[PDB]
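Next comes just one chain, in structure tokens: the form deposited without ligand AIN.
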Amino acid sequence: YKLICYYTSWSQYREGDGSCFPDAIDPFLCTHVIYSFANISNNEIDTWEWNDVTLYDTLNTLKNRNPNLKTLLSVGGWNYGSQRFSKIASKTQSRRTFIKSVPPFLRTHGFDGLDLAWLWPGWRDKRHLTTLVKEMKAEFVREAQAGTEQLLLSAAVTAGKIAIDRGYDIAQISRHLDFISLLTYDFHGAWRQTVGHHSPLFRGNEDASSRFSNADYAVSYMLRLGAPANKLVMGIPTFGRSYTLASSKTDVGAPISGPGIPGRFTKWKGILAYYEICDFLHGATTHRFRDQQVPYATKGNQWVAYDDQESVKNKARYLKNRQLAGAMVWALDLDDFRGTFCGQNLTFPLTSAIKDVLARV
């Protein structure tokens, strides 16, 4: 059972206790930790932040304490243009230059593999992603002839049905990747002028135009498209999404005015860390969608959709019974990593809760 965990660069800037460094990570917690995000420059992989070299270094020391722990570097991200990626992939003289630069960069900084986070390929891009993945794995295989352990190659693949069909040749790229992580936590957002959950586990016989909007369907679809179970990994969020209510309506369907106010530490409209959520929960109204099996809370004119220990453990049994490769967690820095905000004295409450399910029968 794999446990892929993401650590984000920009989390170091958060003030006070918000501050997170590779330091805070417990070496036995996950199986793979992925540094997010690298940058591309002069058609070559390159760092992003100024002090990345230092952080790459800090993160890869964890391996001193745990030899079986593998790390990967992710290229892409949202704040990276899909356009830019699209440009390097369609012109063979740019693609090859990009591909050739990776083994060397990873080896230098002590990474065990590369994670492709192209968000998102357009209908014109599908053919070029397959090529990138194909040639990139070919290069990794050729490099192993030098007597070193073959690099891993993974991909972050979005979970909305329409998104998938547009730009991913699932059957094709699955034979080349080592694992695929399904972003099963972006099923709703402020862009829909109503209140709703972004990571429901099941459909819930309530509404029926978006039956493709839940983890369960996404997983089944991917399996039908040809991805082997032993390579699929399900995404579990550690954050929640917030919304400013536009009325006094709190139930399903309720009207929205826009995203929620920023968190004291994460400072971002519409997002909240689990540890910020734990604070918000005090004097908040406790609610839970029984059909879909995820919780939401509301206080004043704020409405928050999030995941707690019970829902996360529930998602974990699901991937187990369906026999998937494992779980992916976005992101370690949004969990209560110090273990002092969510009552119980436990660091990484959410991620450990997952591990507990994955670690038993």
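Shifts are known only where both forms have a C-alpha. Don't overthink the numbering: it's just position in the shown sequence, from 1. Each form is matched to the other, and the largest set of C-alpha atoms that superpose within 1.5 Å is called the rigid core.
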Checklist entry - Of the two stretches 35-43 and 322-330, which shows the higher Cα B-factor on average in the entry? => result 35-43
Next on the checklist: Highest mean C-alpha temperature factor of the two stretches 297-305 and 25-33, which is it?
Outcome noted: 297-305
Item to check | Maximum C-alpha temperature factor, selected from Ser242, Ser174, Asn214, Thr250 | outcome: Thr250
Checklist entry - Out of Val133, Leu114, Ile164, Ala190, which shows the largest CA B-factor listed in the entry? => result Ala190
Checklist outcome for this item: Sorting the chain's modelled residues by C-alpha B-factor and splitting them into thirds places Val233 in the lowest
Item to check | CA B-factor ranking of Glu310, expressed as a third of its chain | outcome: middle
Checklist entry - Would the CA B-factor of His287 place it in the lowest, middle or highest third of its chain? => result highest
Checklist entry - Against its chain's modelled residues, does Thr340's Cα B factor rank lowest, middle or highest third? => result highest
Checklist entry - Which third, lowest, middle or highest, does the CA B-factor of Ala246 fall in along this chain? => result highest
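A second form of this protein, the form solved in complex with ligand AIN, is not displayed here; the remarks below concern that form.
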Next on the checklist: Taking ligand AIN as it sits in the deposited complex, is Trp10 in contact with it (heavy atom to heavy atom, 4.5 Å or less)?
Outcome noted: yes
Next on the checklist: Please determine whether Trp303 contacts ligand AIN in the deposited complex, using a 4.5 Å cut-off between heavy atoms.
Outcome noted: no
Checklist entry - Using heavy atoms and a 4.5 Å limit, would one call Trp268 a contact residue for ligand AIN in the deposited complex? => result yes
Next on the checklist: Against ligand AIN in the deposited complex, would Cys30 count as a contact residue? Criterion: heavy atoms within 4.5 Å.
Outcome noted: no
Item to check | in the deposited complex, segment of 203-211, 260-268, 96-104, 284-292 with a heavy atom within 4.5 Å of ligand AIN | outcome: 260-268
Item to check | The single option of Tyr296, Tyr56, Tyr318, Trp330 touching ligand AIN in the deposited complex, heavy atom within 4.5 Å | outcome: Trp330
Next on the checklist: If the criterion is a non-hydrogen atom within 4.5 angstroms, does every one of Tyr1, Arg175 and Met234 touch ligand AIN in the deposited complex?
Outcome noted: no
Next on the checklist: In sequence order, what stretches of at least three consecutive residues shift by 2 Å or more at the Cα level between the shown form and the other one, with the rigid core held as reference?
Outcome noted: 189-191
